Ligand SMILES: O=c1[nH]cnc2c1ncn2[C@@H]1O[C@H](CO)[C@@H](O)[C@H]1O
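Shown here is one chain on its own, the form deposited without the named molecule, set out as structure tokens.
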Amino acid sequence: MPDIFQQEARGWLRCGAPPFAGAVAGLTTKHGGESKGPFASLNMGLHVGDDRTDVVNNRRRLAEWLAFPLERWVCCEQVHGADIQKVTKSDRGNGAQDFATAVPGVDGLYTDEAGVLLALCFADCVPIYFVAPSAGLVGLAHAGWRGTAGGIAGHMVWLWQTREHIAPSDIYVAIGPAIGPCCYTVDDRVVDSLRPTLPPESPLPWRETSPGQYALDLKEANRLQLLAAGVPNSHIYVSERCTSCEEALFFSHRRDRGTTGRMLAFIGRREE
């Protein structure tokens, strides 16, 4: 059946899961920008060595398609850890045009205010979108193998539960386009770091393909952690799109051999 992320009029995929209908949520594709060479053309990342003018114009292009001004975006450092920070209108603009002013040392953000667009960069790692429609909360986390080993997904649920007094049953999640087991192979150190994060009897999100080599499914790993954290199975939507496989739409750190652009994952609510 249809992927939860479907292409819109311009260069971006909207999250089609029902629980997200009340927000502006999606992932950009690589087309429609000003960037050149390995970054062609809609590179949204300011920290990958691309021309800054080109990247800021690409972000202005998206702000235009979304009718959500760049001055209202909030970005974070993305250090491949599991920390998350709550943001408000007072953080608007952080890391929007200058990477150095991004929220430091975290890999996830959440807000319960409208008019704030959470914006994170990806090119293979897992983008995890969160929403509590009733309470008006939205969240976004960046999960590579290190952040997943650190439990970033469950940490978001924990924070919403303990600090925002939201029940896991009131949370919905969408796991967007990322590299699949079809293209992502890792060794024992990687999978060993994930083991402790899953329930004792849980099915493993990997498959040994050769002695010491594993086809890893990070999307599934995060899905299992979210289930354990209390998020209902039917509230979790998962994209089947692989960033490495779908070269016509995405930049891929692995497929492009380390030098490439970044798509922007975003989520926010329009301020009347």
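One-based numbering along the sequence shown.
Form solved in complex with the named molecule: not shown, discussed below.
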Next on the checklist: At 2.4 angstroms from backbone or C-beta atoms, do at least 3 atoms of the named molecule clash after superposing the site C-alphas onto the pose in the deposited bound form, making the site blocked, or is it open?
Outcome noted: open
Checklist entry - For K219, is any heavy atom within 4.5 Å of the named molecule in the deposited bound form, or not? => result no
Next on the checklist: I'd like to know whether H47 contacts the named molecule in the deposited bound form, with contact meaning heavy atoms within 4.5 angstroms.
Outcome noted: yes
Item to check | 4.5 Å heavy atom contact, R59 to the named molecule in the deposited bound form | outcome: yes
Next on the checklist: So, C76 and the named molecule: in the deposited bound form, are they within 4.5 Å at any heavy atom pair?
Outcome noted: yes
Checklist entry - Can you say which of 201-209, 25-33, 224-232, 39-47 gets within 4.5 Å of the named molecule in the deposited bound form, counting heavy atoms only? => result 39-47
Item to check | Full three-residue contact with the named molecule in the deposited bound form, heavy atom 4.5 Å, for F130, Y172 and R269 | outcome: no
Checklist entry - What is the one choice in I152, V157, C121, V116 with a heavy atom within 4.5 Å of the named molecule in the deposited bound form? => result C121
Next on the checklist: Do any residues of 160-187 have a non-hydrogen atom within 4.5 angstroms of the named molecule in the deposited bound form? If so, which ones, in sequence order?
Outcome noted: none
